[PDB]
Amino acid sequence: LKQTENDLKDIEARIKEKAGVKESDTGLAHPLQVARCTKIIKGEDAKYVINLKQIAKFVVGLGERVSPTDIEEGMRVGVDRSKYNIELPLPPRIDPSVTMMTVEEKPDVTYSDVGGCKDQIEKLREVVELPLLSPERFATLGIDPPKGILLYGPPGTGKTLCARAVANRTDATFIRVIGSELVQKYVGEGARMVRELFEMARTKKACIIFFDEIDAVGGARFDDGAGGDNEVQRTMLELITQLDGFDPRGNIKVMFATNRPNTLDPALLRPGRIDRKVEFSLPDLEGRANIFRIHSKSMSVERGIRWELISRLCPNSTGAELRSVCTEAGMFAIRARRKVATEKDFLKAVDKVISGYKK
Amino acid sequence: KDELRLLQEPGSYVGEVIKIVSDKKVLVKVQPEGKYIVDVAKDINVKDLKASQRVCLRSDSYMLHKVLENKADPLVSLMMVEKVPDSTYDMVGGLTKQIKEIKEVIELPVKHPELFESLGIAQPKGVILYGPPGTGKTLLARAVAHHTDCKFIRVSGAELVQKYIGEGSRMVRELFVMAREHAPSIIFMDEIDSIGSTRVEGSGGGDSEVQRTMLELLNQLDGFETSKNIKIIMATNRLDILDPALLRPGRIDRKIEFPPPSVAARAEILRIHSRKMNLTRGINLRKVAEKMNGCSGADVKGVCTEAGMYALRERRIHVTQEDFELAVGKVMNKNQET
Amino acid sequence: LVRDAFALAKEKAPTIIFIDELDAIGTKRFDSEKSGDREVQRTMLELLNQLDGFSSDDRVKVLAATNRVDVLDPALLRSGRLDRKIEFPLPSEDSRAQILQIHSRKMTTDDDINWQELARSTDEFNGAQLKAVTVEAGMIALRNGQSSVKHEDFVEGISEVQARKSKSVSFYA
Amino acid sequence: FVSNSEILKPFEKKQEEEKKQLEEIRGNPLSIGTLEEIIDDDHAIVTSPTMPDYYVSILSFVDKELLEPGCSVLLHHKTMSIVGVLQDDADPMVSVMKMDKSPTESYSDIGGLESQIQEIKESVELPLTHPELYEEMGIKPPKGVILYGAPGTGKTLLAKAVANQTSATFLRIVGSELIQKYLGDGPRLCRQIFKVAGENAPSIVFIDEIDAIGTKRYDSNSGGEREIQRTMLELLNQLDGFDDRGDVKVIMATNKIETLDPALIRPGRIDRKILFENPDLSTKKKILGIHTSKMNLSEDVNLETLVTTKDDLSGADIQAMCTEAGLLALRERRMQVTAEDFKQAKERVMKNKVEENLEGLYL
Amino acid sequence: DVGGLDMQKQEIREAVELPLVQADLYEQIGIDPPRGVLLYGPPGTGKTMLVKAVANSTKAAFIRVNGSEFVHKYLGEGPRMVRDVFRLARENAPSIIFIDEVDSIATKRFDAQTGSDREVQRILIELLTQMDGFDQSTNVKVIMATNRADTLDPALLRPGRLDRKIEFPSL
Amino acid sequence: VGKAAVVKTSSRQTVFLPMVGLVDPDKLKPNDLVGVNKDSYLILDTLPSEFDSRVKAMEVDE
């Protein structure tokens, strides 16, 4: 097998390199990330001659032609940054972005770090849980749920597991899209990724489209709003033309996550699209107690401890600061050389968070 | 015959060897382009190419051409390494403690590194200059490299700090890579000098940014490079904008303070100029030192310049004692103001 | 776009041109930065040529709307250009009663609602913010257990019923 | 030479009529590029550092499973076809990457820090050497470590001492180089850190001297940057996504954590906070014993004499005192430092060589 | 062309004409020629028209480098351009560099400005390097005219390099 | 100067060429499509309006 594939360059690759390179490079020129043509004269109809490079840009006039399969020669055909006329039917949509997309239908997450967040659930009960369960109730109310729902709170807390808890009661599909990964070297990845989200939301009713880290995208940015390239500038079009105009409000819903509302486009913050603003508070004495008892099932502890007094000494804390109390509880047991964490280990773990941080 | 050969050459650039391939190729990094695999020349050994090896590549066929000597030569703005410049301890000297502290802090560890190694102790790689304004230690830095037969390296923070992204880093890493092979040398940094010779009194906004990308790469010489015989000459009268933690070893080791220009110290300073200057007979150089108080090195060269002005009005190549009494009277009122 | 908006003015018999957020290209402040990005400056330069194209033609109009006005341009102040300052402040108490009346007609209600009585609970709302109030007012019907939205559902929804300082401090704490 | 001649040499002798000639079919004019998309049609996308994006074909060398998008592969000059695959180290992964094997510093050379040695061991060395302590408790050991103090003492010695006992390569990453002030370079350099240390987990990640990414301020000016907001927020996903038994750790050093993003912090991921402590009496004694071993001491020099009057200088500053004592010995031309040199050295080191003076009157 | 300059007319020749022509006389004395001269007083009186008229007598290149010049938002080119001017001035001996309103350069940083202007302290690095950094030799005439200064001590003052301090008579 | 036109293509290359009778001074204007050469960048003839760079996300309602 080793010596068999060595001589294929002189036999099989001679035809492969001719049809895969010489034909593509003919005249200074199947996933297509690039296309180029130099001085091609073809009699308006299948003219093409489009240079994807920012240098020496071309246009196509003289009528309109639709050829989604093969425009002119096949081979190298592309759109990339600037969309010119009749080149729309064949966009270069290929990209290994599958690692970015995370789709979970009917998540099983109920309460882990979100114990005590039922106050925020009631905020999402009317405008999210209600339409995804009985959308026909809004017919007699006369109004309909708003398009989007805005999330607010501490950075990196409450925007992950709290969104999946609502989808459990409604048996919806939770799709998390990271906004920082929407920005790549390919111009238009943010707008193209949003296009496929509404396409999958029309097939299956009652789906949740979630956008993680919208500050990296927003409605505008430097390279798009202030720049010449179009990525986020074309992303806002998919949140307006598709969601508002074509898509009904009951079946398709949109939710974002951001640290500050001012980091977004004021055009999106206006009513008609983004209305509900959900602020993430911190769990109370009852909420912080239900989180510690769940983590105590996977961690060896003493059967005679009390999780109510553990959450009582600790003030209001985020979802991470509460998990730190259980993880640090095993560190103090190492000094005492014990297999389980006694009540005194949790008391020292709370003082480590109070004194070590003081926030 | 050499005309047709040289004039028809398309030209060749310089690149660094990354890795060697058993297929008789090599990967050479290109600055305007990037890493590109080329073919090893028939007269060049593929195994002799090491990492970061300086070689010459032809721009026509984009392959390997020749092999140069290994050294660090990035973009040079006031970074050029010189050898034994023109300076002497006689012109910038005149103080006993000033020169004596240099011998212990500089001359001993640089020339004889085995002195501190035999006792199992580290040797100072840095010094902080002190004293009132008007020292003259700037030209003294060139005397340190001239008499010790070392290489003089002047670091000017103005040329190494630019608005472009990465200039506060790359320009500092140029000194870091250069100091590896050129380690037997002497480095002198600017923009921090408060001592009064060349004094910018630091920078509030200039040292508030590049301070993070500079001091961290200087300490890596002992921690990472582990290179000796590297002398860092720094001068400041106060520590304010810089790192307060610079007092740790590896950066600030010894501190040489400029003694006050007393009568005994300035007596030999007047003997310095009198060798080059033309003087008459009956002149007391010790009495002139007693006529002033706290005369700096800048005022000594100033009063000698004033003394030469009265000699031009007399059309005499020698400066008479009467001209000194008129020159001392002017420098005292000039130094009193401000 | 200055010529593009004028290109559609040729064939179409009338025309009205609008500009959203004029302060972007209309306010130079103390900076010349219009020279830095020439799309902003040359946009204002093409307006002076297009506004002087048809002097007597009433079928070519150019308008602009923004938040505030900082930099004044007497060259732009004249007949045939933007001159008279028309301020659009926050609507008054009775001004929002007619806006909420139209929003109630677009939805399905009991038609027992008096728009004059609900205008007393509104403080500093524009035409767009009143649309969000009607959405939050219908959510009160779910808390009151009603199929439709009656007049009593608005009174509880128009006051605050969102965020603010809520119930944390009430009566005497 | 003797064994390989009778074993490995005859193996290639029978294949000399094939393996020798068939390897020359590739040629000497070959290039390098980066993969993009791989399919089963023997065609892919390759990009050289000059950005000549092309759609080429794939010669038969290894299966498509061994071709990873984003890794350097062996290409051709003219046709730009894929003739094989190469190592991914040619990728500009991290701007500053230095792998230091066998660090010199250890726990015995850092002085009286043993109070902090057993504490730092639990968060780094303990899960590497004995993960069963955290496994029997069903908890994950903290990956991150926060450092304080000054460089050369608490920000240096503590970093190189833990890598010695763990038998792991010291990997230093400059914190100020993590921000290129460009969109897309922030998350790229962060993901490549865990990639080089994530195969066999040979080394441990170390980061020191952060004056930049630690503080984003509110704006791209006044010391902060806009790319820091996206870099720190995305780096959190790499901390949760990275999972191991503790063979690889992340140790970062910063002066103040108040400017850090509470998202990237995420308590319970970082349980380790090292505060700078003043050296005790046993700290200076351990530093002297190293240098005084090779330096002959007189009869009037003892262990309790040098530690009698001290400001509790750190382990590095005590080393500077021994060097000054030897400097005075060179003035008298002798290799044995006497007791008269230490009296003049302690006055120069703590006053002349280090300016403190201990300003009083409640200050 | 202006009367009442007789006091300066003797001070101008020795600090300008002598070091660029007759400097060999200073070699007989044993001192290096003066590398410049300090001026005090507002511009317009024996400063603008006077100094520009002296360059015609000495046949030297008159270059205007002021305190409000080379002012731009790119960090580092300000001192870099200073490096290029004095480097060329070392090859050509007949050159004169006049500085008007040096107090703009002599100003130091009393506050941290963050963004905007950080360049206050950078322009002194290359100016002092070509003067206080090197030895005493005159390949060019650097004339620093001080407009208004009180507490500013850039070290440009004192007879370290420049020789005469000329103050415009107020009477 | 008067009989010659100054054109700047999308390639960041400005070419100075004398005007030809095939093109008219009113037909050559900025923000317009003027067909030129790919190699020599020489003005040939103007093109009709097709792609004007309409600046999308722009509401057009008659």
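Protein chains in written order, with our numbering: chain A, 20 to 378; chain B, 22 to 359; chain C, 15 to 187; chain D, -4 to 358; chain E, 13 to 183; chain F, 34 to 95.
Note that CB positions come from ideal geometry on N, CA and C, so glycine has one too.
For the C-beta of F/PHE84, the chain A residues within less than 7 Å are, from N- to C-terminus, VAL78, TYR103 and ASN104. Only residues of its own chain outside the window of five on either side were considered, and among them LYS150 and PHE271 have a CB closer than 6 Å to the CB of D/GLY144, listed in chain order.
Under the Cβ criterion of 9 Å, A/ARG156 is counted among the residues facing chain C. Ranked by Cα distance from B/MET255, the first of B/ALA266, B/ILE273, B/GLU138 and B/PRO265 is B/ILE273. Under the three-state reduction of DSSP, E/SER116 is assigned to helix. Contact annotation: in the segment 121 to 146 of chain B, residues whose CB is within less than 8 Å of a CB in chain D are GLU125, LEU129, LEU136, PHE137, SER139, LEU140, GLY141, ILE142, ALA143, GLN144 and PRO145. Neighbours of E/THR60 in chain D, taken as residues at a C-beta separation under 7 Å, are lacking, since the least C-beta distance is about 39 Å. Residue pairing from DSSP places C/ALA79 in a beta bridge opposite C/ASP34. The beta carbon of E/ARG76 sits closer than 7 Å to those of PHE110, all from its chain and outside the five residues before and after it, given in chain order.
Nearest neighbour of A/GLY291 by Cα position, chosen from A/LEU262, A/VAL359 and A/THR337, turns out to be A/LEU262. DSSP links D/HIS125 through a beta bridge to no other residue. By the beta-carbon neighbour count (other beta carbons within 10 angstroms, threshold 16), E/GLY15 is exposed.
Per DSSP, reduced to three states, the secondary structure at E/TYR38 is helical. With contacts defined by Cβ atoms closer than 9 Å, B/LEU196 and B/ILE208 form a contacting pair. With contact defined as three or more Cβ pairs closer than 8 Å, the segment 128 to 139 of chain B and the segment 301 to 310 of chain B are not in contact. Following the DSSP letters along the chain, one finds E/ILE135 inside the alpha helix (DSSP H) bounded by residues 135 to 140. Interface flag for D/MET290 against chain B is set, since a Cβ pair is found closer than 9 Å. CA-CA distance, A/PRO165 to A/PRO126, rounds to 24 Å. Cα atoms of D/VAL(-3) and D/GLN10: separation of roughly 20 Å, rounded to the nearest angstrom.
The DSSP-derived three-state label of B/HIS203 is coil.
Close to chain B, meaning a Cβ-Cβ distance shorter than 7 Å, is no residue of the segment 50 to 80 of chain E at all. Contact annotation, A/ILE271 with A/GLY167: C-beta distance approximately 11 Å; criterion of less than 8 Å not satisfied.
The segment 96 to 116 of chain A makes contact with the segment 65 to 83 of chain A: 3 or more CB pairs, one atom from each, lie closer than 8 Å. Contact annotation for D/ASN216 against chain E: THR126 and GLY127 [CB-CB distance below 8 Å, chain order].
Secondary structure at B/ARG275: strand, using DSSP grouped into helix, strand and coil. Across the structure, B/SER248 and B/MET199 are spaced so that their CA atoms are roughly 12 Å apart. Straight-line spacing of the CA atoms in C/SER109 and C/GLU170 works out to 21 Å. Among the residues facing chain A, D/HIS38 is included, as its CB has a counterpart in that chain under 9 Å away. Any Cβ of chain C closer than 9 Å to the Cβ of F/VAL88 would place that residue at the interface, and such an atom is present. Of all alpha-carbon atoms in A/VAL273, A/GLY246, A/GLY247 and A/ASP242, the one lying nearest the alpha-carbon of A/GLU257 is that of A/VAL273. Within the same chain, and ignoring the five residues on either side of D/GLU351 in sequence, the residues whose Cβ sits closer than 8 Å to its Cβ are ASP306 and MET345.
DSSP places B/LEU161 in the helix class (H, G or I) of the three-state scheme. Taking B/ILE251 as reference, the option from B/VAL148, B/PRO106, B/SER80 and B/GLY217 with the minimal CA-CA separation is B/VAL148.
Separation of A/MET119 and D/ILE141 (C-alpha to C-alpha, rounded to the nearest whole angstrom) is 30 Å. Neighbourhood of F/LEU66 in chain A, by CB distance below 7 Å: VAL78, in chain order. In the DSSP assignment, E/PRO91 falls within the alpha helix (DSSP H) that extends over 89 to 103.
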